[PDB]
Number of protein chains: 2
Amino acid sequence: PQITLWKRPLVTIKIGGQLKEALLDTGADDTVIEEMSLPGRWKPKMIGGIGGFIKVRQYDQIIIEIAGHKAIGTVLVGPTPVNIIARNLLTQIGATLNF
Amino acid sequence: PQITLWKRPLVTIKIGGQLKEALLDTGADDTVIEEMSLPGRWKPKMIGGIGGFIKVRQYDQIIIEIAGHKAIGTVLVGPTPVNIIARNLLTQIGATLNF
Ligand SMILES: CC(C)CN(C[C@@H](O)[C@H](Cc1ccccc1)NC(=O)O[C@H]1CO[C@H]2OCC[C@H]21)S(=O)(=O)c1ccc(N)cc1
Ligand SMILES: [Cl-]
Ligand SMILES: [Cl-]
Ligand code: NA
């Protein structure tokens, strides 16, 4: 699809069996999702942006379906105010910025 | 251009005669740049990012060049980790997300 940016580029994602809304975010390095349980091992990480840092759990090799497209990669889980699909998974679905 | 996301989508901007690096950020509503002097009056604004809220200075109708495309619009000035070009100016230069 071609998504204009008049509004927030929100899409539906499926992760851990759950449906969620998420923002497509070229300004983010790693995908960050609101608190949920995921399978497998994790390790702690701090990630930072405007307003400072939050502590997250880093899970590797997690599958997410993004707007109908399957991608696999690292997912961070913690108290983010919005679900963010970042460049680590946007590359996998072939997403580009065009102007 | 067509910009892939394997690396940070950094571009050169020109504001007040000065070149700076900025990140093209579809996950941002308004454009935020590190402290610098801009002409005219400013209005208060709070913006909420990943780690909480911060106060910035809002300047309206600022001329900015972005990767060679001219935009004129609202620029926020405050303690951001990196200069971010958000959807309010990405729409002015005709940017879209594609996959
Ligand atoms: C500041 C950027 C360098 C990085 N951020 C991604 C960015 O797109 C966030 C994504 C975002 C979006 C909503 C809330 C929090 C974070 N947008 C943002 O902070 O925009 C602020 C300015 O315009 C406003 O509209 C959105 C909030 C304001 S970040 O959320 O802090 C972040 C940092 C590291 C990772 N791995 C994932 C995300
Ligand atoms: Cl990854
Ligand atoms: Cl103030
Ligand atoms: Na894992």
# chains A, B, ... in the order shown; residues from 1 in each chain; ligands from 1
$ residues_near_ligand --ligand "ligand 2" --cutoff "7 Å" --atoms "only C-alpha atoms and all ligand atoms" --output "list in words"
residues 73, 74, 88 and 89 of chain A
$ calpha_fit_and_write --fixed "chain A" --moving "chain B" --output "mmCIF file with N, CA, C and O atoms, in the first residue's frame"
data_model
loop_
_atom_site.group_PDB
_atom_site.id
_atom_site.type_symbol
_atom_site.label_atom_id
_atom_site.label_comp_id
_atom_site.auth_asym_id
_atom_site.auth_seq_id
_atom_site.Cartn_x
_atom_site.Cartn_y
_atom_site.Cartn_z
ATOM 1 N N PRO B 1 1.027 -1.188 -0.180
ATOM 2 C CA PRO B 1 0.276 0.065 -0.107
ATOM 3 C C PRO B 1 1.188 1.295 -0.140
ATOM 4 O O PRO B 1 2.368 1.213 0.160
ATOM 5 N N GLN B 2 0.583 2.410 -0.520
ATOM 6 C CA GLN B 2 1.163 3.726 -0.427
ATOM 7 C C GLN B 2 0.426 4.494 0.680
ATOM 8 O O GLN B 2 -0.784 4.713 0.562
ATOM 9 N N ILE B 3 1.168 4.842 1.730
ATOM 10 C CA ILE B 3 0.571 5.454 2.908
ATOM 11 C C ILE B 3 0.990 6.912 3.003
ATOM 12 O O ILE B 3 2.177 7.224 3.135
ATOM 13 N N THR B 4 -0.009 7.801 2.900
ATOM 14 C CA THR B 4 0.215 9.217 3.132
ATOM 15 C C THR B 4 0.275 9.496 4.635
ATOM 16 O O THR B 4 0.023 8.577 5.424
ATOM 17 N N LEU B 5 0.648 10.726 5.026
ATOM 18 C CA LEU B 5 0.925 10.971 6.438
ATOM 19 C C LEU B 5 0.052 12.055 7.029
ATOM 20 O O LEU B 5 0.456 12.681 8.027
ATOM 21 N N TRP B 6 -1.127 12.260 6.445
ATOM 22 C CA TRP B 6 -2.033 13.290 6.946
ATOM 23 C C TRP B 6 -2.619 12.850 8.283
ATOM 24 O O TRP B 6 -2.960 13.676 9.118
ATOM 25 N N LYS B 7 -2.712 11.547 8.470
ATOM 26 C CA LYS B 7 -3.068 10.953 9.751
ATOM 27 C C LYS B 7 -1.948 10.023 10.225
ATOM 28 O O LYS B 7 -1.089 9.711 9.412
ATOM 29 N N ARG B 8 -1.989 9.613 11.485
ATOM 30 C CA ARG B 8 -1.003 8.649 12.002
ATOM 31 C C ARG B 8 -1.004 7.375 11.175
ATOM 32 O O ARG B 8 -2.106 6.863 10.890
ATOM 33 N N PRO B 9 0.126 6.886 10.701
ATOM 34 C CA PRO B 9 0.120 5.628 9.928
ATOM 35 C C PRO B 9 -0.035 4.408 10.843
ATOM 36 O O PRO B 9 0.905 3.684 11.183
ATOM 37 N N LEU B 10 -1.283 4.166 11.266
ATOM 38 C CA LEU B 10 -1.643 3.055 12.118
ATOM 39 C C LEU B 10 -2.020 1.844 11.286
ATOM 40 O O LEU B 10 -2.776 2.071 10.323
ATOM 41 N N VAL B 11 -1.484 0.701 11.729
ATOM 42 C CA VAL B 11 -1.834 -0.562 11.074
ATOM 43 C C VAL B 11 -2.191 -1.597 12.140
ATOM 44 O O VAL B 11 -1.956 -1.433 13.334
ATOM 45 N N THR B 12 -2.793 -2.688 11.679
ATOM 46 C CA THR B 12 -3.032 -3.844 12.531
ATOM 47 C C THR B 12 -1.857 -4.808 12.473
ATOM 48 O O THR B 12 -1.383 -5.107 11.364
ATOM 49 N N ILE B 13 -1.429 -5.224 13.666
ATOM 50 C CA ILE B 13 -0.380 -6.236 13.760
ATOM 51 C C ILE B 13 -0.986 -7.448 14.441
ATOM 52 O O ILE B 13 -2.037 -7.340 15.105
ATOM 53 N N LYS B 14 -0.359 -8.596 14.279
ATOM 54 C CA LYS B 14 -0.813 -9.786 14.961
ATOM 55 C C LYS B 14 0.417 -10.381 15.645
ATOM 56 O O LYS B 14 1.406 -10.658 14.954
ATOM 57 N N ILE B 15 0.297 -10.510 16.954
ATOM 58 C CA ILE B 15 1.413 -11.087 17.702
ATOM 59 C C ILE B 15 0.807 -11.995 18.756
ATOM 60 O O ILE B 15 -0.169 -11.631 19.410
ATOM 61 N N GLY B 16 1.335 -13.200 18.913
ATOM 62 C CA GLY B 16 0.775 -14.164 19.853
ATOM 63 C C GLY B 16 -0.694 -14.435 19.652
ATOM 64 O O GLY B 16 -1.425 -14.631 20.626
ATOM 65 N N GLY B 17 -1.171 -14.468 18.413
ATOM 66 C CA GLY B 17 -2.574 -14.741 18.151
ATOM 67 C C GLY B 17 -3.489 -13.544 18.341
ATOM 68 O O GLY B 17 -4.695 -13.674 17.995
ATOM 69 N N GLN B 18 -2.931 -12.432 18.848
ATOM 70 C CA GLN B 18 -3.757 -11.269 19.145
ATOM 71 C C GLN B 18 -3.504 -10.123 18.155
ATOM 72 O O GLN B 18 -2.380 -9.816 17.794
ATOM 73 N N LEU B 19 -4.628 -9.493 17.774
ATOM 74 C CA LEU B 19 -4.573 -8.293 16.963
ATOM 75 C C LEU B 19 -4.341 -7.084 17.862
ATOM 76 O O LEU B 19 -4.928 -6.991 18.953
ATOM 77 N N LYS B 20 -3.491 -6.164 17.395
ATOM 78 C CA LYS B 20 -3.243 -4.923 18.122
ATOM 79 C C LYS B 20 -3.056 -3.832 17.075
ATOM 80 O O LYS B 20 -2.822 -4.152 15.889
ATOM 81 N N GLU B 21 -3.178 -2.578 17.441
ATOM 82 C CA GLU B 21 -2.915 -1.429 16.606
ATOM 83 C C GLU B 21 -1.458 -1.045 16.808
ATOM 84 O O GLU B 21 -0.957 -1.081 17.957
ATOM 85 N N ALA B 22 -0.742 -0.660 15.764
ATOM 86 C CA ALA B 22 0.605 -0.136 15.940
ATOM 87 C C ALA B 22 0.872 0.994 14.952
ATOM 88 O O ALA B 22 0.181 1.039 13.939
ATOM 89 N N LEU B 23 1.852 1.820 15.264
ATOM 90 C CA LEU B 23 2.266 2.943 14.444
ATOM 91 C C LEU B 23 3.500 2.612 13.627
ATOM 92 O O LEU B 23 4.489 2.161 14.281
ATOM 93 N N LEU B 24 3.495 2.814 12.325
ATOM 94 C CA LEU B 24 4.719 2.636 11.535
ATOM 95 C C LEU B 24 5.671 3.798 11.763
ATOM 96 O O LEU B 24 5.278 4.925 11.430
ATOM 97 N N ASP B 25 6.862 3.591 12.324
ATOM 98 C CA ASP B 25 7.695 4.672 12.833
ATOM 99 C C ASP B 25 9.106 4.635 12.268
ATOM 100 O O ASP B 25 9.964 3.908 12.792
ATOM 101 N N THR B 26 9.362 5.437 11.219
ATOM 102 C CA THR B 26 10.692 5.502 10.619
ATOM 103 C C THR B 26 11.711 6.156 11.556
ATOM 104 O O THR B 26 12.937 6.015 11.370
ATOM 105 N N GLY B 27 11.245 6.879 12.583
ATOM 106 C CA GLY B 27 12.137 7.565 13.532
ATOM 107 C C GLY B 27 12.556 6.664 14.680
ATOM 108 O O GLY B 27 13.244 7.075 15.636
ATOM 109 N N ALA B 28 12.167 5.385 14.629
ATOM 110 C CA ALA B 28 12.516 4.455 15.677
ATOM 111 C C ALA B 28 13.476 3.380 15.163
ATOM 112 O O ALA B 28 13.271 2.818 14.075
ATOM 113 N N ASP B 29 14.509 3.076 15.943
ATOM 114 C CA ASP B 29 15.436 2.019 15.611
ATOM 115 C C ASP B 29 14.846 0.633 15.914
ATOM 116 O O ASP B 29 14.992 -0.260 15.061
ATOM 117 N N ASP B 30 14.255 0.396 17.088
ATOM 118 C CA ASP B 30 13.714 -0.930 17.373
ATOM 119 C C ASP B 30 12.278 -0.803 17.903
ATOM 120 O O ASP B 30 11.841 0.205 18.431
ATOM 121 N N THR B 31 11.603 -1.893 17.629
ATOM 122 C CA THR B 31 10.156 -2.041 17.778
ATOM 123 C C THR B 31 9.782 -2.192 19.234
ATOM 124 O O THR B 31 10.437 -3.006 19.890
ATOM 125 N N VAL B 32 8.807 -1.430 19.706
ATOM 126 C CA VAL B 32 8.500 -1.419 21.139
ATOM 127 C C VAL B 32 6.996 -1.635 21.306
ATOM 128 O O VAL B 32 6.254 -0.911 20.643
ATOM 129 N N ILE B 33 6.542 -2.559 22.115
ATOM 130 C CA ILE B 33 5.105 -2.778 22.244
ATOM 131 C C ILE B 33 4.705 -2.723 23.704
ATOM 132 O O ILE B 33 5.539 -2.996 24.571
ATOM 133 N N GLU B 34 3.484 -2.376 24.048
ATOM 134 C CA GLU B 34 3.053 -2.319 25.449
ATOM 135 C C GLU B 34 3.050 -3.693 26.095
ATOM 136 O O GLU B 34 3.137 -4.705 25.368
ATOM 137 N N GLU B 35 2.970 -3.685 27.413
ATOM 138 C CA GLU B 35 3.216 -4.912 28.174
ATOM 139 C C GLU B 35 2.264 -5.998 27.664
ATOM 140 O O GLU B 35 1.079 -5.778 27.384
ATOM 141 N N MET B 36 2.857 -7.162 27.478
ATOM 142 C CA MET B 36 2.204 -8.370 27.046
ATOM 143 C C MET B 36 3.153 -9.535 27.291
ATOM 144 O O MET B 36 4.350 -9.416 27.496
ATOM 145 N N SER B 37 2.590 -10.743 27.292
ATOM 146 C CA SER B 37 3.444 -11.901 27.502
ATOM 147 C C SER B 37 3.920 -12.425 26.151
ATOM 148 O O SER B 37 3.125 -12.527 25.217
ATOM 149 N N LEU B 38 5.204 -12.723 26.102
ATOM 150 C CA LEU B 38 5.842 -13.324 24.948
ATOM 151 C C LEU B 38 6.629 -14.547 25.390
ATOM 152 O O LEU B 38 7.119 -14.597 26.526
ATOM 153 N N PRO B 39 6.771 -15.501 24.485
ATOM 154 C CA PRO B 39 7.496 -16.721 24.853
ATOM 155 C C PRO B 39 9.003 -16.533 24.945
ATOM 156 O O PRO B 39 9.580 -15.641 24.340
ATOM 157 N N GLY B 40 9.659 -17.399 25.716
ATOM 158 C CA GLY B 40 11.100 -17.518 25.782
ATOM 159 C C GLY B 40 11.778 -16.605 26.764
ATOM 160 O O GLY B 40 11.129 -15.967 27.600
ATOM 161 N N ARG B 41 13.099 -16.518 26.681
ATOM 162 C CA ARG B 41 13.800 -15.634 27.609
ATOM 163 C C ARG B 41 13.888 -14.241 27.010
ATOM 164 O O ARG B 41 13.724 -14.086 25.795
ATOM 165 N N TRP B 42 14.161 -13.280 27.870
ATOM 166 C CA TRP B 42 14.369 -11.876 27.490
ATOM 167 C C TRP B 42 15.715 -11.409 28.071
ATOM 168 O O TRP B 42 16.215 -12.041 29.027
ATOM 169 N N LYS B 43 16.254 -10.354 27.483
ATOM 170 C CA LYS B 43 17.516 -9.704 27.790
ATOM 171 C C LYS B 43 17.200 -8.238 28.099
ATOM 172 O O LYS B 43 16.187 -7.734 27.591
ATOM 173 N N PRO B 44 18.040 -7.614 28.900
ATOM 174 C CA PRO B 44 17.757 -6.215 29.256
ATOM 175 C C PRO B 44 18.181 -5.276 28.136
ATOM 176 O O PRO B 44 19.106 -5.591 27.406
ATOM 177 N N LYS B 45 17.499 -4.142 28.095
ATOM 178 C CA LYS B 45 17.856 -3.076 27.157
ATOM 179 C C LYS B 45 17.345 -1.749 27.692
ATOM 180 O O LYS B 45 16.283 -1.690 28.332
ATOM 181 N N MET B 46 18.090 -0.681 27.453
ATOM 182 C CA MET B 46 17.606 0.652 27.714
ATOM 183 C C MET B 46 17.395 1.327 26.350
ATOM 184 O O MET B 46 18.265 1.186 25.482
ATOM 185 N N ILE B 47 16.268 2.019 26.242
ATOM 186 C CA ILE B 47 16.096 2.822 25.028
ATOM 187 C C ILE B 47 15.829 4.259 25.450
ATOM 188 O O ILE B 47 15.218 4.503 26.497
ATOM 189 N N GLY B 48 16.306 5.198 24.643
ATOM 190 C CA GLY B 48 16.237 6.623 24.871
ATOM 191 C C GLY B 48 15.265 7.255 23.906
ATOM 192 O O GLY B 48 15.403 7.187 22.692
ATOM 193 N N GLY B 49 14.238 7.882 24.465
ATOM 194 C CA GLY B 49 13.292 8.556 23.607
ATOM 195 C C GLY B 49 13.302 10.049 23.915
ATOM 196 O O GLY B 49 14.249 10.590 24.502
ATOM 197 N N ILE B 50 12.184 10.664 23.512
ATOM 198 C CA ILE B 50 12.140 12.121 23.585
ATOM 199 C C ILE B 50 12.269 12.519 25.032
ATOM 200 O O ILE B 50 12.892 13.538 25.384
ATOM 201 N N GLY B 51 11.721 11.761 25.985
ATOM 202 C CA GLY B 51 11.820 12.387 27.334
ATOM 203 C C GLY B 51 12.856 11.741 28.224
ATOM 204 O O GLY B 51 12.990 12.084 29.398
ATOM 205 N N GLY B 52 13.643 10.809 27.701
ATOM 206 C CA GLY B 52 14.713 10.197 28.482
ATOM 207 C C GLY B 52 14.754 8.692 28.240
ATOM 208 O O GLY B 52 14.121 8.240 27.287
ATOM 209 N N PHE B 53 15.458 7.978 29.102
ATOM 210 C CA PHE B 53 15.672 6.550 29.021
ATOM 211 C C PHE B 53 14.728 5.698 29.857
ATOM 212 O O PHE B 53 14.209 6.073 30.899
ATOM 213 N N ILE B 54 14.484 4.484 29.381
ATOM 214 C CA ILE B 54 13.615 3.543 30.058
ATOM 215 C C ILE B 54 14.178 2.141 29.856
ATOM 216 O O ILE B 54 14.916 1.924 28.890
ATOM 217 N N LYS B 55 13.822 1.251 30.759
ATOM 218 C CA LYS B 55 14.181 -0.155 30.659
ATOM 219 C C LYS B 55 13.039 -0.904 29.991
ATOM 220 O O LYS B 55 11.865 -0.678 30.284
ATOM 221 N N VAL B 56 13.395 -1.795 29.086
ATOM 222 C CA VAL B 56 12.426 -2.654 28.417
ATOM 223 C C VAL B 56 12.937 -4.098 28.445
ATOM 224 O O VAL B 56 14.100 -4.390 28.835
ATOM 225 N N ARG B 57 12.101 -5.041 28.063
ATOM 226 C CA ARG B 57 12.473 -6.439 27.948
ATOM 227 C C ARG B 57 12.665 -6.750 26.460
ATOM 228 O O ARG B 57 11.761 -6.519 25.638
ATOM 229 N N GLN B 58 13.847 -7.255 26.105
ATOM 230 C CA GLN B 58 14.100 -7.569 24.697
ATOM 231 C C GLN B 58 13.874 -9.034 24.422
ATOM 232 O O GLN B 58 14.542 -9.885 25.019
ATOM 233 N N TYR B 59 12.947 -9.357 23.532
ATOM 234 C CA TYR B 59 12.676 -10.710 23.067
ATOM 235 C C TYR B 59 13.164 -10.819 21.625
ATOM 236 O O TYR B 59 12.793 -9.996 20.776
ATOM 237 N N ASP B 60 13.967 -11.824 21.330
ATOM 238 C CA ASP B 60 14.416 -12.016 19.942
ATOM 239 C C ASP B 60 13.598 -13.060 19.171
ATOM 240 O O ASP B 60 12.982 -14.011 19.694
ATOM 241 N N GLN B 61 13.557 -12.944 17.852
ATOM 242 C CA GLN B 61 13.043 -13.922 16.906
ATOM 243 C C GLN B 61 11.558 -14.199 17.141
ATOM 244 O O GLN B 61 11.186 -15.372 17.093
ATOM 245 N N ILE B 62 10.844 -13.101 17.399
ATOM 246 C CA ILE B 62 9.401 -13.133 17.597
ATOM 247 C C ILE B 62 8.668 -12.994 16.272
ATOM 248 O O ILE B 62 8.931 -12.124 15.441
ATOM 249 N N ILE B 63 7.692 -13.863 16.020
ATOM 250 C CA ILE B 63 6.895 -13.780 14.804
ATOM 251 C C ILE B 63 5.802 -12.736 14.962
ATOM 252 O O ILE B 63 5.028 -12.703 15.923
ATOM 253 N N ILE B 64 5.726 -11.844 13.981
ATOM 254 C CA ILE B 64 4.729 -10.795 14.036
ATOM 255 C C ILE B 64 4.178 -10.570 12.637
ATOM 256 O O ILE B 64 4.969 -10.585 11.692
ATOM 257 N N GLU B 65 2.875 -10.399 12.503
ATOM 258 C CA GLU B 65 2.317 -10.009 11.208
ATOM 259 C C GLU B 65 2.094 -8.498 11.195
ATOM 260 O O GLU B 65 1.599 -8.018 12.223
ATOM 261 N N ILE B 66 2.424 -7.791 10.115
ATOM 262 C CA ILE B 66 2.301 -6.334 10.110
ATOM 263 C C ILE B 66 1.537 -5.921 8.859
ATOM 264 O O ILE B 66 2.110 -6.062 7.778
ATOM 265 N N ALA B 67 0.314 -5.453 9.050
ATOM 266 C CA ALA B 67 -0.478 -5.141 7.850
ATOM 267 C C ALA B 67 -0.477 -6.296 6.857
ATOM 268 O O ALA B 67 -0.391 -6.104 5.638
ATOM 269 N N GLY B 68 -0.509 -7.524 7.382
ATOM 270 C CA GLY B 68 -0.539 -8.689 6.501
ATOM 271 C C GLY B 68 0.798 -9.179 5.996
ATOM 272 O O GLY B 68 0.854 -10.141 5.217
ATOM 273 N N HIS B 69 1.917 -8.579 6.385
ATOM 274 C CA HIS B 69 3.237 -9.030 5.973
ATOM 275 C C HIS B 69 3.944 -9.695 7.141
ATOM 276 O O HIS B 69 3.912 -9.052 8.194
ATOM 277 N N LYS B 70 4.533 -10.863 6.905
ATOM 278 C CA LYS B 70 5.142 -11.532 8.052
ATOM 279 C C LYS B 70 6.575 -11.093 8.306
ATOM 280 O O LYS B 70 7.369 -11.006 7.382
ATOM 281 N N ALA B 71 6.885 -10.844 9.565
ATOM 282 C CA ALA B 71 8.217 -10.493 10.015
ATOM 283 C C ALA B 71 8.583 -11.390 11.190
ATOM 284 O O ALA B 71 7.709 -11.915 11.873
ATOM 285 N N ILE B 72 9.869 -11.568 11.420
ATOM 286 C CA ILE B 72 10.332 -12.358 12.562
ATOM 287 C C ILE B 72 11.542 -11.630 13.109
ATOM 288 O O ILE B 72 12.556 -11.556 12.409
ATOM 289 N N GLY B 73 11.462 -11.055 14.303
ATOM 290 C CA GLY B 73 12.647 -10.328 14.743
ATOM 291 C C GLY B 73 12.462 -9.854 16.173
ATOM 292 O O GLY B 73 11.615 -10.418 16.869
ATOM 293 N N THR B 74 13.245 -8.860 16.542
ATOM 294 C CA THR B 74 13.364 -8.414 17.922
ATOM 295 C C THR B 74 12.207 -7.496 18.272
ATOM 296 O O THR B 74 11.885 -6.546 17.516
ATOM 297 N N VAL B 75 11.610 -7.802 19.407
ATOM 298 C CA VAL B 75 10.495 -6.973 19.892
ATOM 299 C C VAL B 75 10.838 -6.557 21.312
ATOM 300 O O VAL B 75 11.185 -7.453 22.104
ATOM 301 N N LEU B 76 10.746 -5.264 21.605
ATOM 302 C CA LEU B 76 10.953 -4.800 22.966
ATOM 303 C C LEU B 76 9.601 -4.598 23.627
ATOM 304 O O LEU B 76 8.677 -4.158 22.948
ATOM 305 N N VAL B 77 9.534 -4.950 24.906
ATOM 306 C CA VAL B 77 8.296 -4.781 25.670
ATOM 307 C C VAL B 77 8.521 -3.827 26.841
ATOM 308 O O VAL B 77 9.413 -4.023 27.688
ATOM 309 N N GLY B 78 7.700 -2.750 26.879
ATOM 310 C CA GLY B 78 7.890 -1.787 27.982
ATOM 311 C C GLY B 78 6.849 -0.679 27.839
ATOM 312 O O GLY B 78 5.968 -0.729 26.958
ATOM 313 N N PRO B 79 6.950 0.279 28.732
ATOM 314 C CA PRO B 79 5.942 1.340 28.856
ATOM 315 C C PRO B 79 6.064 2.378 27.760
ATOM 316 O O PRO B 79 6.536 3.485 27.913
ATOM 317 N N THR B 80 5.597 2.033 26.583
ATOM 318 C CA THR B 80 5.601 2.966 25.471
ATOM 319 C C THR B 80 4.166 3.478 25.376
ATOM 320 O O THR B 80 3.233 2.747 25.707
ATOM 321 N N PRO B 81 4.044 4.720 24.939
ATOM 322 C CA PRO B 81 2.764 5.402 24.753
ATOM 323 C C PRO B 81 1.866 4.751 23.714
ATOM 324 O O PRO B 81 0.644 4.885 23.823
ATOM 325 N N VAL B 82 2.446 4.074 22.737
ATOM 326 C CA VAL B 82 1.731 3.407 21.659
ATOM 327 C C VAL B 82 2.684 2.313 21.134
ATOM 328 O O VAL B 82 3.917 2.428 21.284
ATOM 329 N N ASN B 83 2.083 1.294 20.549
ATOM 330 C CA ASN B 83 2.895 0.247 19.949
ATOM 331 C C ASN B 83 3.597 0.848 18.746
ATOM 332 O O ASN B 83 2.906 1.522 17.963
ATOM 333 N N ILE B 84 4.897 0.614 18.617
ATOM 334 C CA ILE B 84 5.611 1.224 17.487
ATOM 335 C C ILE B 84 6.362 0.175 16.674
ATOM 336 O O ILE B 84 7.149 -0.608 17.217
ATOM 337 N N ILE B 85 6.136 0.141 15.372
ATOM 338 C CA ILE B 85 6.857 -0.730 14.464
ATOM 339 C C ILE B 85 8.004 0.077 13.871
ATOM 340 O O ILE B 85 7.804 1.043 13.105
ATOM 341 N N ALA B 86 9.210 -0.336 14.260
ATOM 342 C CA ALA B 86 10.366 0.453 13.883
ATOM 343 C C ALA B 86 11.142 -0.110 12.706
ATOM 344 O O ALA B 86 10.752 -1.068 12.052
ATOM 345 N N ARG B 87 12.265 0.556 12.427
ATOM 346 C CA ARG B 87 12.982 0.138 11.220
ATOM 347 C C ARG B 87 13.417 -1.308 11.254
ATOM 348 O O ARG B 87 13.493 -1.933 10.177
ATOM 349 N N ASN B 88 13.684 -1.953 12.404
ATOM 350 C CA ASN B 88 14.129 -3.359 12.301
ATOM 351 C C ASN B 88 13.092 -4.270 11.652
ATOM 352 O O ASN B 88 13.479 -5.266 10.994
ATOM 353 N N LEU B 89 11.796 -4.012 11.794
ATOM 354 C CA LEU B 89 10.782 -4.800 11.062
ATOM 355 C C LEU B 89 10.302 -4.102 9.808
ATOM 356 O O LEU B 89 9.894 -4.815 8.890
ATOM 357 N N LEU B 90 10.344 -2.781 9.681
ATOM 358 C CA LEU B 90 9.919 -2.152 8.422
ATOM 359 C C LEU B 90 10.834 -2.620 7.296
ATOM 360 O O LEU B 90 10.412 -2.757 6.159
ATOM 361 N N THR B 91 12.127 -2.855 7.604
ATOM 362 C CA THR B 91 12.977 -3.363 6.527
ATOM 363 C C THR B 91 12.560 -4.762 6.106
ATOM 364 O O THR B 91 12.654 -5.035 4.901
ATOM 365 N N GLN B 92 12.132 -5.589 7.055
ATOM 366 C CA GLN B 92 11.681 -6.934 6.694
ATOM 367 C C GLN B 92 10.438 -6.916 5.825
ATOM 368 O O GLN B 92 10.185 -7.844 5.056
ATOM 369 N N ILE B 93 9.577 -5.898 5.895
ATOM 370 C CA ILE B 93 8.382 -5.965 5.056
ATOM 371 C C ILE B 93 8.589 -5.133 3.797
ATOM 372 O O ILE B 93 7.638 -4.982 3.017
ATOM 373 N N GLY B 94 9.793 -4.618 3.613
ATOM 374 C CA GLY B 94 10.144 -3.937 2.370
ATOM 375 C C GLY B 94 9.716 -2.494 2.321
ATOM 376 O O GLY B 94 9.466 -1.932 1.239
ATOM 377 N N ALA B 95 9.621 -1.835 3.480
ATOM 378 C CA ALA B 95 9.144 -0.449 3.427
ATOM 379 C C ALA B 95 10.248 0.563 3.121
ATOM 380 O O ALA B 95 11.392 0.425 3.542
ATOM 381 N N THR B 96 9.819 1.585 2.373
ATOM 382 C CA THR B 96 10.694 2.694 2.045
ATOM 383 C C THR B 96 9.949 4.008 2.235
ATOM 384 O O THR B 96 8.720 4.013 2.189
ATOM 385 N N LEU B 97 10.677 5.077 2.456
ATOM 386 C CA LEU B 97 10.175 6.433 2.433
ATOM 387 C C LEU B 97 10.325 7.057 1.058
ATOM 388 O O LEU B 97 11.417 6.939 0.482
ATOM 389 N N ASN B 98 9.324 7.719 0.486
ATOM 390 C CA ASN B 98 9.496 8.237 -0.873
ATOM 391 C C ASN B 98 9.063 9.690 -0.955
ATOM 392 O O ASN B 98 8.021 10.000 -0.379
ATOM 393 N N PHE B 99 9.779 10.576 -1.612
ATOM 394 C CA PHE B 99 9.283 11.935 -1.860
ATOM 395 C C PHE B 99 9.972 12.510 -3.100
ATOM 396 O O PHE B 99 9.977 13.728 -3.322
#
$ select_by_dssp --residues "stretch 12-96 of chain B" --states "strand (DSSP E or B)" --output "PyMOL selection string"
chain B and resi 12-15+18-24+32-33+43-49+52-66+69-77+84-85+96
$ select_by_dssp --residues "chain A" --states "helix (DSSP H, G or I)" --output "PDB file with N, CA and C atoms, in the first residue's frame"
ATOM      1  N   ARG A  87      12.264   0.358  12.320  1.00  0.00           N
ATOM      2  CA  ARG A  87      12.961  -0.034  11.099  1.00  0.00           C
ATOM      3  C   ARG A  87      13.364  -1.504  11.081  1.00  0.00           C
ATOM      4  N   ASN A  88      13.654  -2.113  12.251  1.00  0.00           N
ATOM      5  CA  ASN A  88      14.093  -3.511  12.210  1.00  0.00           C
ATOM      6  C   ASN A  88      13.050  -4.443  11.599  1.00  0.00           C
ATOM      7  N   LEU A  89      11.775  -4.113  11.709  1.00  0.00           N
ATOM      8  CA  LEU A  89      10.758  -4.942  11.046  1.00  0.00           C
ATOM      9  C   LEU A  89      10.258  -4.280   9.764  1.00  0.00           C
ATOM     10  N   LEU A  90      10.311  -2.965   9.633  1.00  0.00           N
ATOM     11  CA  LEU A  90       9.877  -2.327   8.378  1.00  0.00           C
ATOM     12  C   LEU A  90      10.754  -2.750   7.212  1.00  0.00           C
ATOM     13  N   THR A  91      12.055  -2.975   7.435  1.00  0.00           N
ATOM     14  CA  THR A  91      12.896  -3.412   6.313  1.00  0.00           C
ATOM     15  C   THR A  91      12.406  -4.760   5.760  1.00  0.00           C
ATOM     16  N   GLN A  92      11.905  -5.614   6.652  1.00  0.00           N
ATOM     17  CA  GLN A  92      11.533  -6.985   6.323  1.00  0.00           C
ATOM     18  C   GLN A  92      10.291  -7.034   5.463  1.00  0.00           C
ATOM     19  N   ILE A  93       9.433  -6.020   5.564  1.00  0.00           N
ATOM     20  CA  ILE A  93       8.254  -6.016   4.702  1.00  0.00           C
ATOM     21  C   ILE A  93       8.480  -5.124   3.488  1.00  0.00           C
TER      22      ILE A  93
END
$ decode --residues "stretch 30-34 of chain A" --atoms "N, CA, C and O atoms" --output "mmCIF file, in the first residue's frame"
data_model
loop_
_atom_site.group_PDB
_atom_site.id
_atom_site.type_symbol
_atom_site.label_atom_id
_atom_site.label_comp_id
_atom_site.auth_asym_id
_atom_site.auth_seq_id
_atom_site.Cartn_x
_atom_site.Cartn_y
_atom_site.Cartn_z
ATOM 1 N N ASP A 30 14.321 0.033 16.893
ATOM 2 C CA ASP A 30 13.851 -1.296 17.301
ATOM 3 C C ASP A 30 12.395 -1.269 17.729
ATOM 4 O O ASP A 30 11.956 -0.290 18.326
ATOM 5 N N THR A 31 11.611 -2.273 17.383
ATOM 6 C CA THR A 31 10.175 -2.310 17.636
ATOM 7 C C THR A 31 9.867 -2.391 19.108
ATOM 8 O O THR A 31 10.550 -3.157 19.794
ATOM 9 N N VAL A 32 8.897 -1.616 19.605
ATOM 10 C CA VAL A 32 8.596 -1.575 21.026
ATOM 11 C C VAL A 32 7.080 -1.714 21.158
ATOM 12 O O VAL A 32 6.317 -0.985 20.515
ATOM 13 N N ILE A 33 6.641 -2.632 21.990
ATOM 14 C CA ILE A 33 5.234 -2.954 22.207
ATOM 15 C C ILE A 33 4.844 -2.790 23.677
ATOM 16 O O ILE A 33 5.686 -3.018 24.569
ATOM 17 N N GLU A 34 3.612 -2.380 23.958
ATOM 18 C CA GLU A 34 3.106 -2.265 25.330
ATOM 19 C C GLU A 34 3.173 -3.602 26.040
ATOM 20 O O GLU A 34 3.232 -4.642 25.373
#
